[PDB]
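A single chain, nothing else alongside it, follows as structure tokens in the form solved without the DNA.
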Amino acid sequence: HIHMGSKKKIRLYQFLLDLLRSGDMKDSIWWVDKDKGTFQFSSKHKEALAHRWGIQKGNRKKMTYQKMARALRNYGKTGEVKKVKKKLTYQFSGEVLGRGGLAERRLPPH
């Protein structure tokens, strides 16, 4: 939405870290712990956050909490975003906390 001067690529882990730092109010995702880098997802707003991204992507395809969770969990083996024993809590690695932006790299479908 809204025509842009240049094209950009983002993907799921980038969006949730960017969400807080965007200048929008941190209602859907908030910080647990500034040094640990645990972030807490708000229980009420899980569908709304996923729906906003889904309608940002387009009319045709839905995106929902499960669909996001299956994709989000899959980062854990690489270790960029790590799960906690509380499902709605993840913590983020040094590289993702340190640097934010855009990149293009190939990946298989989920």
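Residue numbers here begin at 1 and follow the sequence given.
Quick note: we don't show the form deposited with the DNA bound, though the next part is all about it.
- Every member of the trio 53, 71 and 86 reaches the DNA in the deposited complex with some non-hydrogen atom inside 4.5 Å.
- Contact between residue 49 and the DNA in the deposited complex is not found at the 4.5 Å heavy atom cutoff.
- Although the partner is absent here, residue 20 sits far enough away that none of its heavy atoms falls within 4.5 Å of the DNA in the deposited complex.
- Although the partner is absent here, residue 63 sits close enough that one of its heavy atoms falls within 4.5 Å of the DNA in the deposited complex.
- Although the partner is absent here, residue 26 lies well away from the DNA in the deposited complex, with no heavy atom inside 4.5 Å.
- Residues of 26-59 that come within 4.5 Å of the DNA in the deposited complex, judged by any heavy atom, are 43, 46, 53, 57, 59 in sequence order.
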